[PDB]
file protein_32.pdb (PDB, N, CA and C atoms)
ATOM      1  N   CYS A   1       0.860  -1.220   0.000  1.00  0.00           N
ATOM      2  CA  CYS A   1       0.000   0.000   0.000  1.00  0.00           C
ATOM      3  C   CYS A   1       0.883   1.253   0.000  1.00  0.00           C
ATOM      4  N   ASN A   2       0.718   2.112  -0.979  1.00  0.00           N
ATOM      5  CA  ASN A   2       1.531   3.365  -1.037  1.00  0.00           C
ATOM      6  C   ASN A   2       0.752   4.487  -0.347  1.00  0.00           C
ATOM      7  N   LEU A   3       1.394   5.226   0.527  1.00  0.00           N
ATOM      8  CA  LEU A   3       0.688   6.325   1.255  1.00  0.00           C
ATOM      9  C   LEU A   3       0.353   7.474   0.299  1.00  0.00           C
ATOM     10  N   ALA A   4       1.315   7.936  -0.465  1.00  0.00           N
ATOM     11  CA  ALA A   4       1.055   9.065  -1.415  1.00  0.00           C
ATOM     12  C   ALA A   4      -0.053   8.676  -2.401  1.00  0.00           C
ATOM     13  N   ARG A   5       0.037   7.503  -2.980  1.00  0.00           N
ATOM     14  CA  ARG A   5      -1.010   7.052  -3.949  1.00  0.00           C
ATOM     15  C   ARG A   5      -2.331   6.828  -3.206  1.00  0.00           C
ATOM     16  N   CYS A   6      -2.274   6.202  -2.054  1.00  0.00           N
ATOM     17  CA  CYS A   6      -3.516   5.949  -1.262  1.00  0.00           C
ATOM     18  C   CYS A   6      -4.131   7.284  -0.829  1.00  0.00           C
ATOM     19  N   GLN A   7      -3.312   8.234  -0.435  1.00  0.00           N
ATOM     20  CA  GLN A   7      -3.839   9.565  -0.010  1.00  0.00           C
ATOM     21  C   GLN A   7      -4.474  10.267  -1.214  1.00  0.00           C
ATOM     22  N   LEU A   8      -3.877  10.144  -2.379  1.00  0.00           N
ATOM     23  CA  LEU A   8      -4.455  10.792  -3.597  1.00  0.00           C
ATOM     24  C   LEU A   8      -5.850  10.214  -3.867  1.00  0.00           C
ATOM     25  N   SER A   9      -6.003   8.916  -3.740  1.00  0.00           N
ATOM     26  CA  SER A   9      -7.337   8.278  -3.971  1.00  0.00           C
ATOM     27  C   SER A   9      -8.338   8.809  -2.937  1.00  0.00           C
ATOM     28  N   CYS A  10      -7.921   8.901  -1.698  1.00  0.00           N
ATOM     29  CA  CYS A  10      -8.825   9.416  -0.623  1.00  0.00           C
ATOM     30  C   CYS A  10      -9.035  10.922  -0.806  1.00  0.00           C
ATOM     31  N   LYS A  11      -8.011  11.627  -1.233  1.00  0.00           N
ATOM     32  CA  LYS A  11      -8.131  13.101  -1.446  1.00  0.00           C
ATOM     33  C   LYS A  11      -9.207  13.377  -2.500  1.00  0.00           C
ATOM     34  N   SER A  12      -9.245  12.592  -3.558  1.00  0.00           N
ATOM     35  CA  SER A  12     -10.285  12.796  -4.617  1.00  0.00           C
ATOM     36  C   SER A  12     -11.676  12.674  -3.981  1.00  0.00           C
ATOM     37  N   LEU A  13     -11.829  11.757  -3.052  1.00  0.00           N
ATOM     38  CA  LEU A  13     -13.138  11.581  -2.358  1.00  0.00           C
ATOM     39  C   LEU A  13     -13.322  12.714  -1.339  1.00  0.00           C
ATOM     40  N   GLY A  14     -12.233  13.215  -0.797  1.00  0.00           N
ATOM     41  CA  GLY A  14     -12.310  14.315   0.211  1.00  0.00           C
ATOM     42  C   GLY A  14     -12.079  13.739   1.612  1.00  0.00           C
ATOM     43  N   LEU A  15     -11.149  12.820   1.744  1.00  0.00           N
ATOM     44  CA  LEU A  15     -10.866  12.199   3.077  1.00  0.00           C
ATOM     45  C   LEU A  15      -9.364  11.934   3.229  1.00  0.00           C
ATOM     46  N   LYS A  16      -8.947  11.556   4.412  1.00  0.00           N
ATOM     47  CA  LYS A  16      -7.504  11.241   4.640  1.00  0.00           C
ATOM     48  C   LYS A  16      -7.262   9.785   4.231  1.00  0.00           C
ATOM     49  N   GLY A  17      -6.133   9.494   3.630  1.00  0.00           N
ATOM     50  CA  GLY A  17      -5.863   8.091   3.187  1.00  0.00           C
ATOM     51  C   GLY A  17      -4.831   7.426   4.098  1.00  0.00           C
ATOM     52  N   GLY A  18      -5.193   6.306   4.675  1.00  0.00           N
ATOM     53  CA  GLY A  18      -4.258   5.565   5.575  1.00  0.00           C
ATOM     54  C   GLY A  18      -4.028   4.158   5.018  1.00  0.00           C
ATOM     55  N   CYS A  19      -2.790   3.736   4.957  1.00  0.00           N
ATOM     56  CA  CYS A  19      -2.476   2.377   4.421  1.00  0.00           C
ATOM     57  C   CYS A  19      -2.347   1.378   5.576  1.00  0.00           C
ATOM     58  N   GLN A  20      -3.122   0.321   5.539  1.00  0.00           N
ATOM     59  CA  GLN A  20      -3.048  -0.716   6.609  1.00  0.00           C
ATOM     60  C   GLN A  20      -2.452  -1.990   6.006  1.00  0.00           C
ATOM     61  N   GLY A  21      -1.189  -2.245   6.262  1.00  0.00           N
ATOM     62  CA  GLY A  21      -0.527  -3.454   5.688  1.00  0.00           C
ATOM     63  C   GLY A  21      -0.359  -3.253   4.179  1.00  0.00           C
ATOM     64  N   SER A  22      -1.257  -3.800   3.398  1.00  0.00           N
ATOM     65  CA  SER A  22      -1.179  -3.635   1.917  1.00  0.00           C
ATOM     66  C   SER A  22      -2.533  -3.131   1.377  1.00  0.00           C
ATOM     67  N   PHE A  23      -3.386  -2.618   2.241  1.00  0.00           N
ATOM     68  CA  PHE A  23      -4.718  -2.112   1.787  1.00  0.00           C
ATOM     69  C   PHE A  23      -4.792  -0.590   1.957  1.00  0.00           C
ATOM     70  N   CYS A  24      -5.467   0.077   1.050  1.00  0.00           N
ATOM     71  CA  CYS A  24      -5.606   1.563   1.136  1.00  0.00           C
ATOM     72  C   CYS A  24      -7.037   1.910   1.563  1.00  0.00           C
ATOM     73  N   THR A  25      -7.187   2.647   2.637  1.00  0.00           N
ATOM     74  CA  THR A  25      -8.555   3.021   3.110  1.00  0.00           C
ATOM     75  C   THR A  25      -8.614   4.524   3.425  1.00  0.00           C
ATOM     76  N   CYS A  26      -9.789   5.104   3.346  1.00  0.00           N
ATOM     77  CA  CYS A  26      -9.944   6.560   3.634  1.00  0.00           C
ATOM     78  C   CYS A  26     -10.621   6.746   4.997  1.00  0.00           C
ATOM     79  N   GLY A  27     -10.158   7.693   5.777  1.00  0.00           N
ATOM     80  CA  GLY A  27     -10.767   7.936   7.122  1.00  0.00           C
ATOM     81  C   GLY A  27     -10.670   9.424   7.470  1.00  0.00           C
TER      82      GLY A  27
END

call {"tool": "encode", "arguments": {"input": "protein_32.pdb", "output": "structure tokens"}}
result
Amino acid sequence: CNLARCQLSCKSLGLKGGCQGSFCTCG
């Protein structure tokens, strides 16, 4: 899970992106 890439995906939705192990989730 990449933080910069995961954060960009969450940023498009309008949330913070946190990587847990190898999964990207927005919170």

call {"tool": "resolve_selection", "arguments": {"input": "protein_32.pdb", "expression": "the PyMOL selection byres ((chain A and resi 1-10) around 5)", "output": "PDB file with N, CA and C atoms, keeping the file's coordinate frame"}}
result
ATOM      1  N   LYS A  11      -8.011  11.627  -1.233  1.00  0.00           N
ATOM      2  CA  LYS A  11      -8.131  13.101  -1.446  1.00  0.00           C
ATOM      3  C   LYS A  11      -9.207  13.377  -2.500  1.00  0.00           C
ATOM      4  N   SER A  12      -9.245  12.592  -3.558  1.00  0.00           N
ATOM      5  CA  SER A  12     -10.285  12.796  -4.617  1.00  0.00           C
ATOM      6  C   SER A  12     -11.676  12.674  -3.981  1.00  0.00           C
ATOM      7  N   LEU A  13     -11.829  11.757  -3.052  1.00  0.00           N
ATOM      8  CA  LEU A  13     -13.138  11.581  -2.358  1.00  0.00           C
ATOM      9  C   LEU A  13     -13.322  12.714  -1.339  1.00  0.00           C
ATOM     10  N   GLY A  14     -12.233  13.215  -0.797  1.00  0.00           N
ATOM     11  CA  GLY A  14     -12.310  14.315   0.211  1.00  0.00           C
ATOM     12  C   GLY A  14     -12.079  13.739   1.612  1.00  0.00           C
ATOM     13  N   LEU A  15     -11.149  12.820   1.744  1.00  0.00           N
ATOM     14  CA  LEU A  15     -10.866  12.199   3.077  1.00  0.00           C
ATOM     15  C   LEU A  15      -9.364  11.934   3.229  1.00  0.00           C
ATOM     16  N   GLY A  17      -6.133   9.494   3.630  1.00  0.00           N
ATOM     17  CA  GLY A  17      -5.863   8.091   3.187  1.00  0.00           C
ATOM     18  C   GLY A  17      -4.831   7.426   4.098  1.00  0.00           C
ATOM     19  N   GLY A  21      -1.189  -2.245   6.262  1.00  0.00           N
ATOM     20  CA  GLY A  21      -0.527  -3.454   5.688  1.00  0.00           C
ATOM     21  C   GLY A  21      -0.359  -3.253   4.179  1.00  0.00           C
ATOM     22  N   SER A  22      -1.257  -3.800   3.398  1.00  0.00           N
ATOM     23  CA  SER A  22      -1.179  -3.635   1.917  1.00  0.00           C
ATOM     24  C   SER A  22      -2.533  -3.131   1.377  1.00  0.00           C
ATOM     25  N   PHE A  23      -3.386  -2.618   2.241  1.00  0.00           N
ATOM     26  CA  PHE A  23      -4.718  -2.112   1.787  1.00  0.00           C
ATOM     27  C   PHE A  23      -4.792  -0.590   1.957  1.00  0.00           C
TER      28      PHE A  23
END

call {"tool": "select_by_dssp", "arguments": {"input": "protein_32.pdb", "residues": "chain A", "states": "helix (DSSP H, G or I)", "output": "list in words"}}
result
residues 3, 4, 5, 6, 7, 8, 9, 10, 11, 12 and 13 of chain A

call {"tool": "select_by_dssp", "arguments": {"input": "protein_32.pdb", "residues": "chain A", "states": "strand (DSSP E)", "output": "JSON, numbers by chain"}}
result
{"A": [17, 18, 19, 20, 23, 24, 25, 26]}

call {"tool": "build_atoms", "arguments": {"input": "protein_32.pdb", "residues": "segment 9-24 of chain A", "atoms": "N, CA, C and O atoms", "output": "short mmCIF file (atom, residue, chain, number, x, y, z; two decimals), in the frame of the given file"}}
result
data_model
loop_
_atom_site.label_atom_id
_atom_site.label_comp_id
_atom_site.auth_asym_id
_atom_site.auth_seq_id
_atom_site.Cartn_x
_atom_site.Cartn_y
_atom_site.Cartn_z
N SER A 9 -6.00 8.92 -3.74
CA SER A 9 -7.34 8.28 -3.97
C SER A 9 -8.34 8.81 -2.94
O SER A 9 -9.47 9.13 -3.26
N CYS A 10 -7.92 8.90 -1.70
CA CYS A 10 -8.82 9.42 -0.62
C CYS A 10 -9.04 10.92 -0.81
O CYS A 10 -10.11 11.44 -0.57
N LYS A 11 -8.01 11.63 -1.23
CA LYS A 11 -8.13 13.10 -1.45
C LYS A 11 -9.21 13.38 -2.50
O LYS A 11 -10.00 14.28 -2.35
N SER A 12 -9.24 12.59 -3.56
CA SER A 12 -10.28 12.80 -4.62
C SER A 12 -11.68 12.67 -3.98
O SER A 12 -12.59 13.41 -4.31
N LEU A 13 -11.83 11.76 -3.05
CA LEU A 13 -13.14 11.58 -2.36
C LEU A 13 -13.32 12.71 -1.34
O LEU A 13 -14.43 13.12 -1.05
N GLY A 14 -12.23 13.22 -0.80
CA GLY A 14 -12.31 14.32 0.21
C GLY A 14 -12.08 13.74 1.61
O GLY A 14 -12.74 14.12 2.56
N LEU A 15 -11.15 12.82 1.74
CA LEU A 15 -10.87 12.20 3.08
C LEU A 15 -9.36 11.93 3.23
O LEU A 15 -8.60 12.04 2.28
N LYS A 16 -8.95 11.56 4.41
CA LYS A 16 -7.50 11.24 4.64
C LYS A 16 -7.26 9.78 4.23
O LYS A 16 -8.10 8.93 4.44
N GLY A 17 -6.13 9.49 3.63
CA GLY A 17 -5.86 8.09 3.19
C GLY A 17 -4.83 7.43 4.10
O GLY A 17 -3.72 7.91 4.26
N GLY A 18 -5.19 6.31 4.68
CA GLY A 18 -4.26 5.56 5.58
C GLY A 18 -4.03 4.16 5.02
O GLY A 18 -4.96 3.46 4.65
N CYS A 19 -2.79 3.74 4.96
CA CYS A 19 -2.48 2.38 4.42
C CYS A 19 -2.35 1.38 5.58
O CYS A 19 -1.54 1.55 6.48
N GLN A 20 -3.12 0.32 5.54
CA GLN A 20 -3.05 -0.72 6.61
C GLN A 20 -2.45 -1.99 6.01
O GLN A 20 -3.12 -2.72 5.30
N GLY A 21 -1.19 -2.24 6.26
CA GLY A 21 -0.53 -3.45 5.69
C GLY A 21 -0.36 -3.25 4.18
O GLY A 21 0.56 -2.60 3.73
N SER A 22 -1.26 -3.80 3.40
CA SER A 22 -1.18 -3.64 1.92
C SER A 22 -2.53 -3.13 1.38
O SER A 22 -2.80 -3.21 0.19
N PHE A 23 -3.39 -2.62 2.24
CA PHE A 23 -4.72 -2.11 1.79
C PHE A 23 -4.79 -0.59 1.96
O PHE A 23 -4.26 -0.03 2.90
N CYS A 24 -5.47 0.08 1.05
CA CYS A 24 -5.61 1.56 1.14
C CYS A 24 -7.04 1.91 1.56
O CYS A 24 -8.00 1.51 0.92
#
